[PDB]
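The form deposited in one PDB entry is given below as one chain in structure tokens.
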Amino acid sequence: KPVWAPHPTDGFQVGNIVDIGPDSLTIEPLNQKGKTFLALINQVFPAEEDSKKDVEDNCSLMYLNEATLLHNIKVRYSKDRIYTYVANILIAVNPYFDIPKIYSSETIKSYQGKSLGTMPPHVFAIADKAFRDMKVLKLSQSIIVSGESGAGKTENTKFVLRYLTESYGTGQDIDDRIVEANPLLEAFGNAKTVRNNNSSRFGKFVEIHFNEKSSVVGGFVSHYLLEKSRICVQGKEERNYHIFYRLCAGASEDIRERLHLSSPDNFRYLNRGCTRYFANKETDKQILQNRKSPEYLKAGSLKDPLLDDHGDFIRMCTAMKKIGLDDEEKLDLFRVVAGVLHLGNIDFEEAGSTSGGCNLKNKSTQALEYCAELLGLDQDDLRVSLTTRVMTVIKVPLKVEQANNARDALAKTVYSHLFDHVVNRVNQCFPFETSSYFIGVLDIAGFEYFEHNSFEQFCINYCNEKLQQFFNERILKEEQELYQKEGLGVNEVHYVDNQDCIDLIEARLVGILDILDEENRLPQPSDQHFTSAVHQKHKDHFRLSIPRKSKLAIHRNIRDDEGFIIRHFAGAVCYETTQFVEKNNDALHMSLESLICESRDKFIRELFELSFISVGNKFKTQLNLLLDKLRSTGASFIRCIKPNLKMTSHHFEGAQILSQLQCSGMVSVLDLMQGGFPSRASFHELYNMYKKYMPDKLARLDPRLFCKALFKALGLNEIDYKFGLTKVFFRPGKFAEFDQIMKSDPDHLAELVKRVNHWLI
């Protein structure tokens, strides 16, 4: 009798239906006799009879729907049980605190070789299942970790990597390397944002490669779309990459002196953002007074349960040592970092009777000297390349705005090349000649939109269209095509394909990426010319509109040539096209490229061992290699859920979590997953595995008939499995029973055959 009906902040609330009207149900909130509210008939759901219970698998719920799913994960979360299944898919709700012992070496050992459902839900069980499928099916595997910014994708990726390397490694130095590589990547690719103190500003696919014996031989990291804009300016609540603050907070005085470092408020590339360190009472006393900005001294430290700038600098140096980086390479990296900081302090003032030129401000003399010294450049060549443009064979003055752009382009390119070097260096620390298979973990930002959307949002939302299509093809298309071919009679869940949105962005010649590249190649590139060419070429495209077509008031003043709206199925996004041409070029101008290639420092020359490299098309190629890997492997899915927007523990925001369950597509697949068959094996393979152990009476049976006798003898029933035309299928929550049937050990096989022989008489 009690039902779940809508609630503005909790998503749902419990009540009773007390009336029905046209298009409405009158609900009485539980224990509030007299009170009533109207709800739409289709927004009212049956509730589980026991409101206090929780189930480890949402498929076990008598009434599985968005409301009972929300309630079950809420009950579990209130008890620090952050992991819950939807059959073989994992839901992970961010606790925002360290739950004791759940990631221990002892917890790791308890999950090894255990079937899904045998142990409580855990990221370790998803990792173990991928390993077992890899070894049994002799097929590489992918674990896709998804969710909003700050939901827990990076933390869960790291738990998967740690579980696999600790369980299936050799007990050597190289096993720890794949794990120790992360504090290094995060130092250069992660930053404080309003949504996550440790936000990933690049995407990644981390593969652990195994030999024929299913033992770890090494790894490989793919990195995508490092955010370049961050390198030069941040919003007051955000920071630049962690490395800058770990270095300022933790470097020895010898390094501080050598690199001419000071408190972060002294650097333009840090001082528009937050200049405070992540520290606690103990670590703050370890940071020297000369490292602390005025804001840090007034407001105190930033608080985080994970991040500590001083502690993280020490842990990063230890990680560098463990992976094989010598002190020389560590100082080479720090020198580039400081060189970029000093570059940002180079200021310009107008010159010429019509302000057509510029001069370095006299107060920027020291910044010029320190930068040139740290980057192995001549001061004059650097001053010249930043203040003039070479073009017949003339050296022309740059205006102040153009000099700022030259400095920043060099800073972003140097930093981005340093990041590429760091990722490649990490790959060189765990190399392998050959491998039989891999387990790859995908950790990349999903669909996102803000008041202002630029080229970075465009590429990530493009990536999301391509991955969403893979998700639909794997979970909906391929799964149901199997059920159909096997005659299972599973109710069809349909989806609308998004190839028209993908083609809009990526088609050869006509796609937005190709039209943008066209602009970069033109004599005088223009964001406006690019934008009008997109509107002109796709005038009849449903996924495209002018910014004026938006309902929102913020887009009312945006001109047709100043942006476009992409009608992504996840929501219509208005992109402001200013800087799209600049952001699409990964190559430095020739005169800045020469300056840096001719550095006196071998390390700097080695970072760089009409200049145009398309960021869009480079990313399209990387994404297509990733999609080739995903399509050729088995996929396991982890859906990370952010419980609130305040980074607090024990604060379950019902409507926020519901919205994520709906937007993730989780709600749309509930019935398909509950009525589905995630485990299957052919009658022929089962029969062939048991054949040599069988007596004549057993071998005489047709494979389908042998399988039936095997299942009957073991006490299995229709609630556990269904027979297809050529395969047996096991339902959610029947993984342990399926693994017992599949276990290929001679002693186990002979034992089950003995049981069948005994049942037959």
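Only the largest set of C-alpha atoms that superpose within 1.5 Å between the two forms is called the rigid core. Numbering starts at 1 and follows the sequence shown.
The same protein has a further form, the form deposited in another entry, not shown here; the description that follows concerns it.
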**Fill in**
A Cα shift of 2 Å or more between the shown form and the other one, after fitting the rigid core, is seen among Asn688, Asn280, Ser594, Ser110 only at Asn688
**Prompt:** Once you line up the core, how about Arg556: does its CA shift reach 2 Å between the shown form and the other one?
**Reply:** yes
**Prompt:** So, does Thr434 move by 2 Å or more at the CA between the shown form and the other one, with the core held fixed?
**Reply:** no
**Request:** For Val490, decide whether the Cα shift between the shown form and the other one is 2 Å or greater, given a superposition on the rigid core.
**Result:** yes
**Asked** Between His684 and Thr118, do the C-alpha atoms lie closer or farther in the other form than in the shown form, with a difference of 3 angstroms or more?
**Response** closer
**Prompt:** How does the CA gap of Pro678 and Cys59 change in the other form versus this form, closer or farther, if it moves 3 angstroms or more?
**Reply:** closer
